[PDB]
Amino acid sequence: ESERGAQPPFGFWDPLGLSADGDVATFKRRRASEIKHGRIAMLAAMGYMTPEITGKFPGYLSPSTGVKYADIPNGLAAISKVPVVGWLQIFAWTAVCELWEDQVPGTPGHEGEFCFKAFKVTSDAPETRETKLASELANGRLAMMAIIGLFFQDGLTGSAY
Amino acid sequence: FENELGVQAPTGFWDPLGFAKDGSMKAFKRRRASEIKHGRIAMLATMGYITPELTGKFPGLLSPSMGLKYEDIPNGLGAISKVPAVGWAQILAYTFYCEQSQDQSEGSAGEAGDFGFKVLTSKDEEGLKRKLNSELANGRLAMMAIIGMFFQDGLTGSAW
Amino acid sequence: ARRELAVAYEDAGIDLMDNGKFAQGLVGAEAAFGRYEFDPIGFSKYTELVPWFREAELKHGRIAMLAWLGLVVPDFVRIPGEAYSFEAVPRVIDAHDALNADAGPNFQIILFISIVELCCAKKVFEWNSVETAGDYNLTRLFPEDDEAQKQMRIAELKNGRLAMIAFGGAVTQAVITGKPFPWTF
Amino acid sequence: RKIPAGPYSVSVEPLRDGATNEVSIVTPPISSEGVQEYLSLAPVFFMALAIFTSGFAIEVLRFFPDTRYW
Amino acid sequence: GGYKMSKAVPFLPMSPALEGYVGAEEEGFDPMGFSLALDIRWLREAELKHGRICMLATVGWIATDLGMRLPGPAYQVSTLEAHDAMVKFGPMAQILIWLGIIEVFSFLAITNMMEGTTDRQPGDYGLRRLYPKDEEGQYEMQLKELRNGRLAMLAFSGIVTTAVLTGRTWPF
Ligand code: CLA
Ligand SMILES: CC(=O)O[C@H]1CC(C)(C)C(=C=C/C(C)=C/C=C/C(C)=C/C=C/C=C(C)/C=C/C=C(C)/C=C/[C@@]23O[C@]2(C)C[C@@H](O)CC3(C)C)[C@](C)(O)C1
Ligand code: KC1
Ligand code: KC1
Ligand SMILES: CC1=C(C#C/C(C)=C/C=C/C(C)=C/C=C/C=C(C)/C=C/C=C(C)/C=C/[C@@]23O[C@]2(C)C[C@@H](O)CC3(C)C)C(C)(C)C[C@H](O)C1
């Protein structure tokens, strides 16, 4: 499985802790886990940098309760103030994104193949496909370390940055 | 009925009563499992009785809500009533898992001390005979010591 | 020859024949000098319910043993807690009419006994034979061979009968005297 | 069925050998078609119709008390 | 040799009505023999419905007693008086209506599985989603569902009992 995946730095198959002794099912499970983790990390790091670069907090997140976009602090303090059913609906959209199609072993969802199709690598060129997915994986790992470091910085410093 | 461990230079077969009737394969299986596990528990309890004095007691919180800095509670009697019941529950739960993750019934590997822990093995040079006789004798000494310090604590009132 | 319960249940049910022995060959006569085939009234003549009688005797003896031990021990040491202290409940016989009701403990014990007895009622009615009787598959430290098994069964029976009689004169010796473990006047 | 038992009995034959670990469901073997047929009986259907009519009249009297719109 | 015993209650033979079901090959816990007198399909349906209801109810109690509350002045009541304030407010009857629709269709499912009009399994409603394709994975997932359901039944029972006894949030 050393020839699978991305390895952008090249020659960088890294089992380090010898995690994969050789089992296709466990490796595919962890590949789905890593690709999902990377997508989540990239999205979260975007939603973490955006409130600071372009503040852009227009209007009330809760017109009835009174929760304003500009009163939720950026970072970890968000999960006390984003409205109750606001968090419920965010969770529900994650549920829709994860439960619309099947992500079980033996299905394309287990490989990360989803219904987004917002890059459409054009199968006639099945060579930029590997580049696109490798870049996605590597960027997901980078934003993975990034987002966990950002959360730790938020916890230690007391605010987002 | 001698060869399966438990025999050493101080005495080979020391049992005036108890196994006096001899034979009794299943009885010796359960008795050997009891001796091995009792020795392990006694070793752990003896070490947990010497650590609070030979070493600095844990500087943490044990109960962060109740501030159990590990020094207010003693070493021995009383600490049972001092450690929170919600923590004794988790201690007994770890014991529960370690005694139900693998089987311990008759004919199983459980009635041998074999719970897949290994770590302190040998190189399989049949010096594991020496290591397992060390198991049994060391556990016997540790259990004599654990109940000796149990009594010592109770009769003196506190740790010593 | 304990006859592992899975194959022992093959001969379960209410046996209609008679073994020709004493009470269906039950262990228990087994006195000091010879065998004390006691049965003076003749309940063992009712051969079909002899396994029922053995189950009842074993259950009574076990409950007794536990109860005698549990009105001997508390007169020395009590459970930690104010409701069980030597001052809140001066005597062990008072412990019944001390918690009861809405204090919790005794009602919880009754509830759990009821649950464990309802769950094991299928053992008494049906799945009960001469050999099974009180065998709830808690053997573990039940010695092998055959005569050792008989010795342990007769030990259990003698201790259970002794504890039944002892508990009788013990609750009696405590109500008429109101004293600690030695219930003499 | 040598032992005299009533018709439509969910009882196993009492003439059995040593204790049997058998499944004897004590619940009526009813049928969905049979239940629908029974609820379509003239007594059942017409009493249900009478109850529906009576309740409809009750509700009309409740929400339109008396004959106010005569 | 015979009479496959209950791995849970080792002194009672396992009820033959348990064969082929998820919790029988490892526990087989039917000491009172309900499956011997009641249809095991109905019993499994009841068990799974109770387990799912309790798994929802436990997290509902957790949320309600942790401050998770809908944005409404009428919703600012404690869990103990929640099912009197919401009963008077109306939403309890609303939940009753919608769950009644769902339960009428569940009744149709039950009264179609028993007559053989469908090959539906007792707990099955068709929601595959996070369902393994491999049969062993399906069995393990069903066992996880059953164990979680039973654990949450007991957990919710304890939660409500202790909350009514000693009015507190949840850790008590
Ligand atoms: C839980 C205690 C326990 C148990 C179950 C065993 C079990 C066993 N030991 Mg053993 N042993 C123990 C503690 C124990 N040991 C201790 C503490 C010592 C140190 C003196 C030894 C020293 C020892 C030697 C030197 C030998 C054994 C051997 C054996 C095996 C055969 C004898 C037998 O079956 O005895 C069954 C178990 C018992 C009879 C112990 C039951 C406890 C009795 C009934 C009461 C003891 C009371 C105690 C003295 C006072 C405690 C304080 C109290 C007043 C509160 C058997 C596996 C022999 C062996 O390995 O065979 C190959 C052997 O040669 N043991
Ligand atoms: C102020 C003051 O001073 O009070 C002090 C007092 C004091 C004493 C100093 C204290 C102490 C120290 C302690 C706690 C000392 C330890 C006491 C122990 C370990 C008691 C448990 C015995 C278990 C046994 C014998 C099990 C035995 C099991 C046996 C024998 C099994 C026996 C079998 O027959 C069975 C059951 C089946 C047979 O087939 C096989 C065999 C093995 C023979 C206190 C409590 O802190 C307080
Ligand atoms: C077309 C369907 C639709 C409608 C019609 C709708 C309407 C309302 N949404 Mg919702 N919504 C989605 C769909 C819809 N929302 C989707 C796909 C998402 C992505 C996850 C999403 C997110 C959030 C968040 C994060 C919050 C939120 C709330 C409210 C709210 C206020 C009610 C009130 O103020 O009384 C109203 C009316 C905010 C809130 O205030 O809830 C109290 C809150 O925080 N929504
Ligand atoms: C990774 C899983 C894990 C977590 C996350 C965790 C966390 C906490 N443990 Mg815990 N624990 C284990 C696992 C975990 N513990 C294991 C395997 C053992 C060995 C048996 C063990 C032992 C004890 C003991 C002896 C005590 C204890 C407690 C607390 C406590 C205090 C909270 C509070 O005081 O507010 C918190 C937060 C103390 C207690 O008071 O529990 C309420 C207490 O005395 N723990
Ligand atoms: C075994 C198994 C499982 C399991 C399990 C588990 C965890 C089972 C646990 C079950 C459990 C935990 C059952 C609770 C009993 C507690 C009771 C009965 C409380 C009595 C309490 C009573 C009667 C109250 C007494 C009082 O209130 C009175 C009377 C008035 C008050 O003044 C005083 C008090 C408060 C004292 C899985 C994993 C879930 C599924 C798997 O497949 C099989």
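Residues numbered from 1 in each chain as written, not as in the entry; some residues may be left out. Chains lettered and ligands numbered in written order. Part of a larger assembly, values for the part shown. Heavy atoms only, no water. Residues with missing side-chain atoms left out of burial classes, pairs and counts.

Header annotation of the entry names cryo-EM as the structure determination method and lists the resolution as 2.90 Å.

*Asks:* I'd love a proper account of the site of ligand 3, names of residues and values included.
*Replies:* Every residue close to ligand 3 is listed here: A:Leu61, A:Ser62, A:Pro63, A:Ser64, A:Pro83, A:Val85, A:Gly86, A:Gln89, A:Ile90, A:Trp93 and E:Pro71. Those chains with residues close to ligand 3 are chains A and E. One of the side-chain nitrogen or oxygen atoms of A:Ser62 is found 2.8 Å away from an oxygen atom of ligand 3. Within the backbone of A:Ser64, an N or O atom sits 3.3 Å from an oxygen atom of ligand 3. Looking at the shell around ligand 3, the elements that each hand over two or more residues are β1 (60-62) and α2 (84-99) of chain A. Of all the elements, α2(A) adds the most residues to the shell around ligand 3, at five residues. Residues that form the shell around ligand 3 fall into these classes: seven nonpolar, four polar and no charged. (Near = heavy atom within 4 Å. Polar contact = N/O pair within 3.5 Å; in protein donor to acceptor, adjacent residues only side chain to side chain. Helix = DSSP H or I, 4+ residues; strand = E, 2+ residues; numbered from the N terminus. Nonpolar A, V, L, I, M, F, W, Y, C, P; charged D, E, K, R; others polar.)

*Asks:* Lay out the arrangement of the chains in plain terms, naming residues and giving numbers.
*Replies:* For the five pairs of chains in contact, the maximum contact count is reached by chains C and E. A minimum C-alpha distance of 18 Å separates chain A and chain B, which share no contact. With no contact between them, chain A and chain C keep their nearest C-alpha atoms 39 Å apart. (Contact = heavy atoms within 4.5 Å.)

*Asks:* Residue-level account of the packing of aromatic side chains, with values.
*Replies:* To describe a pair of aromatic rings, you give the distance between the ring centres and the angle between the ring planes. For the structure shown, the criterion picks out 19 aromatic pairs over all chains. Ring geometry for B:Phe19 against B:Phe28: centres 5.2 Å apart, planes inclined by 65°, an arrangement best described as edge-to-face. Within the aromatic cluster, the residues linked to one another by ring pairs are B:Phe1, B:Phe13, B:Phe19 and B:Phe28. When the ring centre of C:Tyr136 is taken as reference, the NZ or CZ atom of C:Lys123 above it lies at 5.5 Å. If you follow E:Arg120 out to its NZ or CZ, it ends over the ring of E:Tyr125, 4.8 Å from the centre. (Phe/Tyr/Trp six-rings, centres within 6.5 Å; stacked < 30°, edge-to-face > 60°. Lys NZ or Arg CZ within 6 Å of the ring centre and 35° of its normal.)

*Asks:* If you had to explain unusual backbone geometry to someone new, which residues and values would you point to?
*Replies:* Residue and element names in this part refer to chain D. The phi angle at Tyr8 is positive, at roughly 60°, despite the residue not being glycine. Locating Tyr8 in the fold gives a position in the segment before α1 (32-39). Although it is not a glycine, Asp66 adopts a positive phi angle of roughly 60°. Note that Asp66 resides in the segment after α2 (42-63). The class for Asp66 is exposed, based on a relative accessible area of 64%. (Buried < 20%, exposed > 50% of the residue type's maximum accessible area, 1.4 Å probe, protein only.)

*Asks:* Please provide a residue-by-residue account of empty space enclosed by the protein, values included.
*Replies:* Residue and element names in this part refer to chain B. Taken as a whole, the largest cavity encloses approximately 80 Å³ of empty space. If you go around the largest cavity, the residues you meet are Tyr49, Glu53, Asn75, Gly76, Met149, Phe150, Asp153, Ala159 and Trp160. Ranked by the residues each element gives to the lining of the largest cavity, the list is headed by helix α4 (residues 128-156), at three residues. Across the lining of the largest cavity, the residue classes break down as five nonpolar, two polar and two charged. (1 Å grid on protein atoms, 1.4 Å probe; cavity = no way out; pocket = protein on both sides within 12 Å on 5 of 7 lines; lining within 4 Å. Points joined across faces, edges and corners; volume = space filled by probe spheres on them.)

*Asks:* I'd love a proper account of the site of ligand 2, names of residues and values included.
*Replies:* Around ligand 2, the neighbouring residues are B:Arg30, B:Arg31, B:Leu77, B:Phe150, B:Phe151, B:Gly154, B:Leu155 and C:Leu141. The backbone of B:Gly154 places a nitrogen or oxygen atom 3.3 Å from an oxygen atom of ligand 2. Contact with the protein chains covers 33% of the free accessible surface of ligand 2, which is 1000 Å². Elements represented by at least two residues in the shell around ligand 2 include exactly α1 (25-54) and α4 of chain B. Taken together, the residues of the shell around ligand 2 break down into five nonpolar, one polar and two charged. (Areas by Shrake-Rupley, 256 points an atom, 1.4 Å probe, with all protein chains shown as cover.)

*Asks:* Give me the nonpolar core: which residues, what numbers.
*Replies:* Among the nonpolar cores identified, the biggest contains 14 residues, and C:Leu5, C:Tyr9, C:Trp127 and E:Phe11 are the most heavily contacted of them. Broken down by element, the residue count for this core peaks at three residues, all from helix α1 (residues 5-8) of chain C. Ranked by size, the runner-up nonpolar core spans eight residues in total, among them A:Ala41, A:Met42, A:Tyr48 and A:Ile147. (Core = buried A, V, L, I, M, F, W, Y, C linked by side-chain atoms within 4.5 Å.)

*Asks:* Tell me about the interface of chain C and chain E, and name the residues and values.
*Replies:* Taken together, the contacts link 14 residues of chain C with 12 residues of chain E. Carbon and sulfur atoms supply 72% of the area buried between chain C and chain E, which totals about 1100 Å² over both sides. When residues of chain C are sorted by the area they lose upon contact with chain E, C:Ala6, C:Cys119 and C:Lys122 head the list and together hold 40% of the total. Taken together, the connections running from chain C to chain E amount to zero salt bridges. One can count two residue pairs in polar contact joining chain C with chain E. Those elements that provide at least two residues to the side of chain C that touches chain E are α1, α4 (105-119) and α5 (121-124) of chain C. With three residues, α1(C) is the single largest residue contributor to the side of chain C that touches chain E. Partitioning the side of chain C that touches chain E into residue classes produces nine nonpolar, one polar and four charged. (Buried area = accessible area lost by both parts, 1.4 Å probe. Salt bridge = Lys/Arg side-chain N within 4 Å of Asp/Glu carboxyl O.)

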